[PDB]
2 protein chains.
Amino acid sequence: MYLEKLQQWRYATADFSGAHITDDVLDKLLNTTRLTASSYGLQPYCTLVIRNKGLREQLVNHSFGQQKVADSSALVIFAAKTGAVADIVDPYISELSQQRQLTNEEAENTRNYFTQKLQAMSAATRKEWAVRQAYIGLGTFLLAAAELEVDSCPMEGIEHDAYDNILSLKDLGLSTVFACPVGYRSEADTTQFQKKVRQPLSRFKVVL
Amino acid sequence: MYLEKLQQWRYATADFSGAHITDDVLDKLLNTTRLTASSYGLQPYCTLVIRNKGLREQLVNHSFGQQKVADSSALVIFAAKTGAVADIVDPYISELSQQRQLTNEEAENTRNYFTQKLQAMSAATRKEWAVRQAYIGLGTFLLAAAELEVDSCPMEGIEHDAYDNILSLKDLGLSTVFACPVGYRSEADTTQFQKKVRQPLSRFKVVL
Ligand SMILES: Cc1cc2nc3c(=O)[nH]c(=O)nc-3n(C[C@H](O)[C@H](O)[C@H](O)COP(=O)(O)O)c2cc1C
Ligand SMILES: Cc1cc2nc3c(=O)[nH]c(=O)nc-3n(C[C@H](O)[C@H](O)[C@H](O)COP(=O)(O)O)c2cc1C
């Protein structure tokens, strides 16, 4: 399978070159990510793009000294929607309305249905629900990056609240879930030649 | 991009046909899914495969009557490792040691590194950590299914504790995360013809 070949090409890049990543490439990567399935189709997360070097150097200090946060072409941050329920529901209803040519009443009934269902969860449960959806997105993103021969590294090893504070995400109703520097591996990154370690299928598949 | 085409081909299948999915196809799907990146490469989850029709009709009764759980050719359940820390760490070290040819000393030091790390998490925290990894694997699985032109539907609308009871998962140190019937859509599924709804790139991508 092609996706198996993509799985073998990618790796958790340790050292990036100084090569630039174009906006066209990053847009292709995030456009493919955008089409990922989500719970109820609500897509309760987004992808932030940061290139500014100064800002990213600040994030290194809140990424346990992991320099690749800044020393890469760009940084993508996946952020969950953790603010007003309306910021999750309304943008979906607008798209649903337009795409499915719904009547005003039908749109309002769907808006109500999802608003009530999300309000039924606690803030904590809703946040983790959103976080989970973003992890599905990461799965897409890692393969989309491989198709484009774009290197990356997913990073949970960051100070989440510090990222949120530094980037003022609170006024956007967002919460950092994980970060992914993107770019092109350094010639000098010897970790690209380590053999991949994965569960064999005899352990990963359990027939009941 | 090819992965864009896969995204457009797939959908959350509402009505499955009774057509057989072969083991060779299901194995290609799970083999691609098994190569998914995970936090520390520890892959703290697995996929359970169930075909038994009556067992699944029972799971239907704990899935708010979503008959697709039984109607499909097979059911794949993503299950997080929620038992002994050793059952996450040891299988990793075994594969790591074999693939990268570690000395006994290095393998033990690395085992000890991971056991310490996982034990520092509360049981709840470690469980949700593992759950998050499984959601990355779902992202891969949805695209792998698309590449094989296998239909699927991810499913969180299940009674999770009932699934674990019914399937005896506590004894295996596993917790149901979500379920995914797999097979081939029925021509009678009218939802396959509906326009796919996703929020536009202008909202999904926020450039800081
Ligand atoms: C959710 C997630 C978080 C990760 N966090 C970090 C991180 O903070 N820093 C880092 O260098 N690698 C991080 N990794 C990279 C993993 O260590 C790597 O994916 C795993 O060992 C599998 O190897 P491969 O991706 O190179 O094929 C993370 C990976 C995932 C999936
Ligand atoms: C994590 C997750 C859980 C889902 N749970 C269910 C479910 O329990 N039952 C169902 O019919 N669809 C379920 N869906 C399907 C979504 O409703 C569907 O993915 C979404 O509306 C986007 O449309 P598409 O997948 O057809 O492109 C789930 C999807 C995801 C990603």
Side-chain angles (χ1 to χ4, degrees), chain A residues 13 16-36 38 42-63 66-84 86-88 90-92 94-95 130-131 133-145 147-156 158-184, chain B residues 1 3-4 7 139 198-208:
Chain A
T13 306
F16 294 85
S17 75
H20 175 65
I21 192 174
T22 70
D23 284 340
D24 283 355
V25 169
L26 203 49
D27 281 352
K28 284 173 183 172
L29 170 53
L30 296 173
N31 187 68
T32 298
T33 302
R34 176 181 79 78
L35 302 167
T36 303
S38 58
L42 291 173
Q43 297 185 273
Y45 64 98
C46 64
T47 53
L48 309 177
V49 174
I50 309 169
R51 286 174 190 273
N52 180 270
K53 282 278 206 214
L55 190 57
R56 290 202 286 157
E57 292 288 357
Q58 202 172 349
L59 299 172
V60 170
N61 295 342
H62 301 280
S63 305
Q66 299 179 82
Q67 273 297 135
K68 65 189 166 200
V69 167
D71 291 336
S72 51
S73 314
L75 183 67
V76 175
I77 298 168
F78 279 66
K81 301 190 180 178
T82 56
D87 291 359
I88 300 176
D90 296 342
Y92 171 73
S94 297
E95 196 64 17
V131 162
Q133 304 325 298
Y135 274 93
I136 314 177
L138 176 59
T140 302
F141 178 102
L142 294 171
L143 296 166
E147 177 174 359
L148 292 164
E149 298 174 63
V150 169
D151 286 300
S152 56
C153 187
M155 298 177 65
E156 272 171 341
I158 61 178
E159 289 171 359
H160 290 85
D161 289 350
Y163 265 54
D164 291 349
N165 196 56
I166 287 169
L167 304 170
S168 293
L169 300 186
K170 180 65 74 95
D171 48 51
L172 300 175
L174 298 169
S175 299
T176 292
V177 191
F178 43 79
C180 304
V182 300
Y184 302 96
Chain B
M1 263 174 87
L3 285 166
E4 197 263 359
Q7 292 279 45
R198 296 293 191 272
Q199 287 165 58
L201 192 60
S202 56
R203 290 192 148 123
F204 189 74
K205 176 191 81 171
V206 179
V207 175
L208 306 179

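Order of the sequence lines sets the chain letters (A, B, ...), proteins ahead of strands, with each chain counted from 1. The analysis underlying the following values was restricted to heavy atoms, covering all of them including side chains, and did not include hydrogens, waters or symmetry mates.
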So, for [X] and [Y], which heavy atoms are closest and what is the spacing to 0.1 Å?
| X | Y | answer |
| --- | --- | --- |
| A/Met155 | A/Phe178 | O-CB, 3.2 Å |
| A/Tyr184 | A/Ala19 | CD1-CB, 4.0 Å |
| A/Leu29 | A/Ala145 | CD1-N, 3.5 Å |
| A/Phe141 | A/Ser152 | CE2-CB, 4.4 Å |
| A/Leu174 | A/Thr82 | C-OG1, 3.6 Å |
| A/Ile158 | A/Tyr163 | CG2-OH, 3.5 Å |

Separation between [atom1] of [X] and [atom2] of [Y], rounded to the nearest 0.5 Å:
| X | Y | atom1 | atom2 | answer |
| --- | --- | --- | --- | --- |
| A/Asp171 | A/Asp164 | CG | CG | 11.0 Å |
| A/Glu95 | A/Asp90 | CD | CG | 13.5 Å |
| A/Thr176 | A/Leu59 | OG1 | CG | 8.5 Å |
| A/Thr33 | B/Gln7 | OG1 | CD | 8.0 Å |
| B/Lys205 | A/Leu26 | NZ | CG | 7.0 Å |
| A/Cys46 | B/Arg203 | SG | CZ | 11.5 Å |

Exercise. What do the steps show when you test A/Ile166 against A/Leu55 for side chain to side chain contact (heavy atoms under 4.5 Å, CB included), and what is the final call?
Worked result: CA-CA 8 Å; A/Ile166 287 169; A/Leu55 190 57; 3.8 Å; yes
Problem set entry | Pairwise side-chain contact, A/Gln43 with A/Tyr92, heavy-atom cut-off 4.5 Å (strictly under) | no
Exercise. Does the side chain of A/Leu138 come within less than 4.5 Å of A/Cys180's, by heavy atoms?
Worked result: yes
Exercise. Please, which pairs that meet salt bridge (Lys or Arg N to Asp or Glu O under 4.0 Å) have at least one residue in residues 47-62 of chain A, sequence neighbours excluded?
Worked result: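 Output for this query lists A/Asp23-A/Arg51.
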Exercise. For A/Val49 and A/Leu30, what are the C-alpha separation, side-chain angles and deciding distance, and is it a side chain to side chain contact (heavy atoms under 4.5 Å, CB included)?
Worked result: CA-CA 10 Å; A/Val49 174; A/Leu30 296 173; 3.5 Å; yes
Problem set entry | Residues forming a side-chain hydrogen bond (donor to acceptor under 3.5 Å, both in side chains) with B/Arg198, sequence neighbours excluded | none
For this session: Verify side chain to side chain contact (heavy atoms under 4.5 Å, CB included) between A/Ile77 and A/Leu167, making sure each step is shown before the conclusion.
Result: CA-CA 11 Å; A/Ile77 298 168; A/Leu167 304 170; 3.3 Å; yes
For this session: Start with the C-alpha gap between B/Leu3 and A/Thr140, add the side-chain angles, then the distance that decides, and say whether side chain to side chain contact (heavy atoms under 4.5 Å, CB included) holds.
Result: CA-CA 9 Å; B/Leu3 285 166; A/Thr140 302; over 6 Å; no
Problem set entry | Residue A/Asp24 excluded, over 12 heavy atoms near CG under 6.0 Å | no
For this session: Fit a plane to each ring of A/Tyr45 and A/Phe78, take the angle between them on a 0 to 90° scale, and name the class: parallel (under 30°), tilted (30 to 60°) or perpendicular (over 60°).
Result: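 Geometry flag for A/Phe78 against A/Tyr45: parallel rings.
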